[PDB]
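Numbering of ligands and ligand atoms starts at 1, following listing order. By convention here, the first residue in the shown sequence is residue 1. Reckoned from all heavy atoms, side chains included, excluding hydrogens, waters and symmetry mates.
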Amino acid sequence: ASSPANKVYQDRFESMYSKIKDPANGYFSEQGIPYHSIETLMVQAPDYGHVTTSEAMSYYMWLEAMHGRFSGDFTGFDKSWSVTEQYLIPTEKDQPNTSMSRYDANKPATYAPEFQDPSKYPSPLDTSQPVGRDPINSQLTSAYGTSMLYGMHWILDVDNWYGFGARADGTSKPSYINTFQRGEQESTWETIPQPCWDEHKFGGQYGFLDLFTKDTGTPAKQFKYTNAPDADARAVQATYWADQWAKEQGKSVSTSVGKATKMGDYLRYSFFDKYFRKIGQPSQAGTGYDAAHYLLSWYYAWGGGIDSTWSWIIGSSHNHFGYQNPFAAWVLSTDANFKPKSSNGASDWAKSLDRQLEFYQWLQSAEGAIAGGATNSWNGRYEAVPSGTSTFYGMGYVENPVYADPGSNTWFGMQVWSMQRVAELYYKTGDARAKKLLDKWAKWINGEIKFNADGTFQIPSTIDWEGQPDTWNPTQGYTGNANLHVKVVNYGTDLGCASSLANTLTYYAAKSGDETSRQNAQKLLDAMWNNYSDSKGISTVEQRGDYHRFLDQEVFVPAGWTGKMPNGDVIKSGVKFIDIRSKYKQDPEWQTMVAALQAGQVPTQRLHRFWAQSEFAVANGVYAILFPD
Ligand SMILES: OC[C@H]1O[C@@H](S[C@H]2[C@H](O)[C@@H](O)[C@H](O[C@H]3[C@H](O)[C@@H](O)[C@H](S[C@H]4[C@H](O)[C@@H](O)[C@H](O[C@H]5[C@H](O)[C@@H](O)[C@H](S[C@H]6[C@H](O)[C@@H](O)[C@H](O[C@H]7[C@H](O)[C@@H](O)[C@H](S[C@H]8[C@H](O)[C@@H](O)[C@H](O)O[C@@H]8CO)O[C@@H]7CO)O[C@@H]6CO)O[C@@H]5CO)O[C@@H]4CO)O[C@@H]3CO)O[C@@H]2CO)[C@H](O)[C@@H](O)[C@@H]1O
Ligand SMILES: [Ca+2]
Ligand SMILES: [Ca+2]
Ligand SMILES: [Cl-]
């Protein structure tokens, strides 16, 4: 039987769970897939409220796992995995073996440069630039008997709002789509949504392919998917807890553990440089593992021909601390129940755990917050690293890895999402490296939490950075990085971040015994429950300062390129964000949003983000278990 839990916080979790699963609240589609948010007019990472992401699916797993802990019923957890495998992990029909089996581990893909402005795309493929060797593909095909990859594609058009349908039929749902393709300056507002399965049926003469890639020949019909490593790692994290809590009650989630383990085996593709170039010596093609940084990079992607047989796979050269997950690495490298079937699966994850913890430490600022990350490909073209730039195993430090509109590390959220995982590791193992990191980080954040007399509160929202960490010397260790400073630009009341923060402080307090962290975690949970609860969970009114981009953001389209979206919207030079998403004008909130912009005001919204609601629910559960009295 499981240990007794705090009755008050357990009830709060159950209440949230009921609101989230309540059919009348609309968090899920008819097919059982959770939406990014109840509200449809939503632009953040995705550009429509009813698309879904792998991040959401992993939070759904975490939620159901906790429900199993308190109810003894894990059928919901197994169902979250069933929905994931059926709809977010490309099936045999979505990534045909005929093409995947033609993959050449000695020539994974063809080099394509990255540019700092979307106007430079399409990017020209260059067969003469070196590409390294993929050392794990043989391990995976031998272990699983297939050339298909088992990982979640990151974004899904749940109700086929864009109209691409499934495998170009234009009518089926859900629909595999993608957005980002053109460099660090292409924000959510500057993309051209495209189908993952491109048969040239929609868009331009050759679909949407020649908007991004340029080659000598004619663009072939092809499919392509992109993984979000932090999402897949969270799936492993959540499944571990589901397994632990299931066994404490004589229950089993064996089938799900097997899927989580397989996913973690394939997740190793994120450990490699985009084009398998040697880490620290980007101009040279890798010979195998010398191209592995062992960190959870921003993505790994793969694709292949539809009407011709060929395939490719790429890792990623850019690393952000926010995507790391030391807990998942500990699970996959030490727990016998989660040991990957591949020959080197567990050992690679063992190396990743150590490398990840060094990464966090190297990036810890003088104050305690964690800095951006590093890259093995300067400017995304393997250019020379500017002299005087600090390095980590040969990779140059970057303040805002991967994207700059806005800066990828200017949002407080990355701090809690990532440190929450370090707190789980510290709690389970008491690891000294995790302790050192948390003691200083927790001291920093506890001094940045502000509680008001009316029961409301504020935490860091937008942050900025100055300087850089000292070059990492494995034998020297943490120098203290006296020249690396974080700056809190402004505060806010982001309920999702606050929930993640409470979670982090709870695990840390439980292990360290730090009372300051424990009471702050409880005050956050109480404040949110007592002051921000509504019939659908929790929420607050927030300003949407970037919404002016709905109408004033021009979308770049190559000269002479013309095409049409499924609903007829014309794609040509000069269009704005709204011009290629005209269906948005039918949204219930549209007139309200436009009215505000016309009056020169900042639009405001009351949003119910699925991950935020789940975060809050899980945080209540965690407190209930670690502090029963
Ligand atoms: O036919 C002739 C011949 O053929 C051959 S076979 C041959 C084929 O023909 C050929 O087509 C094929 O070509 C291959 C090629 O080989 C491969 O090398 C390439 S690889 C390619 C890959 O496919 C593609 O997917 C990849 O895309 C990358 C981009 O490069 C990269 O730039 C971006 S970065 C992006 C991030 O990913 C996003 O997450 C991020 O999003 C941000 C957003 O920017 C930001 O605004 C918001 S801010 C937001 C916060 O999120 C929120 O929390 C807070 O609360 O609020 C704030 C404020 O709102 O955050 C978002 C994140 O959350 O944005 C950045 C920037 O865009 O990443 C994508 C990943 O997808 O690029 C790769 C290349 O660079 O693929 C080709 C396929 O076409 O090659 C074949 C051979 O190899 C045959 O053999 C012959 O016979 C035949 O004759
Ligand atoms: Ca931009
Ligand atoms: Ca700076
Ligand atoms: Cl969001």
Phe28 ring center near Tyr60 ring center (under 6.0 Å):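 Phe28 vs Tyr60: aromatic centres under 6.0 Å.
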
Pair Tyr59 and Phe610, ring centroids less than 6.0 Å apart: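 Between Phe610 and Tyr59, which both carry aromatic rings, the centre distance is not below 6.0 Å.
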
Vertex the Ca ion (ligand 3), arms to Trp465 O and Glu399 OE2, rounded to 10°: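 That angle is 90°.
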
Presence of N, O or S from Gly467 under 3.0 Å of the Ca ion (ligand 3):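 False for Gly467.
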
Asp464 backbone or side-chain N/O/S under 3.0 Å from the Ca ion (ligand 3):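 Under 3.0 Å: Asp464 has no N, O or S contact with the Ca ion (ligand 3).
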
Charged tip of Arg581 within 45° of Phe577 ring normal and under 6.0 Å: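 So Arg581 does make the cation-pi contact.
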
Within 45° cone of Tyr27 ring axis and under 6.0 Å: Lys21 NZ or CZ: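 Checked: cation-pi criterion not met.
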
Under 3.5 Å donor-acceptor, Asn531 side chain and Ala527 backbone: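 At least one qualifying donor-acceptor pair exists.
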
Name of whichever N/O/S atom of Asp405 is nearest to the Ca ion (ligand 2):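 In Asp405, the N, O or S atom with the shortest distance to the Ca ion (ligand 2) is OD2.
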
Whether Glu186 has an N, O or S atom under 3.0 Å from the Ca ion (ligand 2):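 So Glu186 does not bind the Ca ion (ligand 2) by this criterion.
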
Contact check: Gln185 to the Ca ion (ligand 2), N/O/S below 3.0 Å: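 Short answer: yes, at least one N, O or S atom is under the cut-off.
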
